[PDB]
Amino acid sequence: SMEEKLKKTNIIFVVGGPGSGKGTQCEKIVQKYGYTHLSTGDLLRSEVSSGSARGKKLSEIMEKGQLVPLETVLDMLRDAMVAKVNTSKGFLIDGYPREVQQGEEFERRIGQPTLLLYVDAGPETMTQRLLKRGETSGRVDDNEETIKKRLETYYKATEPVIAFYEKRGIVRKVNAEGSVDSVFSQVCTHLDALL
């Protein structure tokens, strides 16, 4: 069954603040280790891109830097994992879970994480990186006021996810400040010790 396949595949939660460098690092991991990268923000923006009514309501939530309903995001995430599991070498789950309840529901419908990679950047680092992206990019959640909301939401809801999984011994932290290459070296040190 697809659910049995899901339980025997490695699941890595990638957790960290807005603009910490999660996507950037995931694409490096994908290139080196061959894992399957799923970002809930990407999947959400793909629905927004349809131009649908449902999409507009989701976009209005993301432009306030708030969390979308748990069901909506977990349904999308599970569907996308079931699509790829049969050929996957492992999953990188970027930006899910964002609250403890999101982690509990994931384990109930899919299964427990094998590892949690914690990309730890400071709030001024994060703000500057997203302000710089907002100059060039088309993302509609990189304005200064919405970066503030995204930071608040992360510290309120998501930082507790780290302490939750910390209890099980599966967290591996990396200093996310400094060069893309310096951060990836730390990422590889953690992954190589397990694989």
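Sequential numbering from 1, following the sequence displayed.
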query	finding
Residue stretch of maximal mean CA temperature factor, 36-44 vs 49-57	49-57
Residue stretch of maximal mean CA temperature factor, 162-170 vs 129-137	129-137
Which of 25, 20, 185, 9 ranks first by CA B-factor in the deposited coordinates	9
Record-listed C-alpha B factor of residue 71: chain third	highest
Within-chain third of residue 105 by Cα B-factor, per the entry	lowest
Within-chain third of residue 119 by Cα B-factor, per the entry	lowest
Third of chain Cα B-factors occupied by residue 83	lowest
CA B-factor placement of residue 97, once the chain's modelled residues are sorted into thirds	lowest
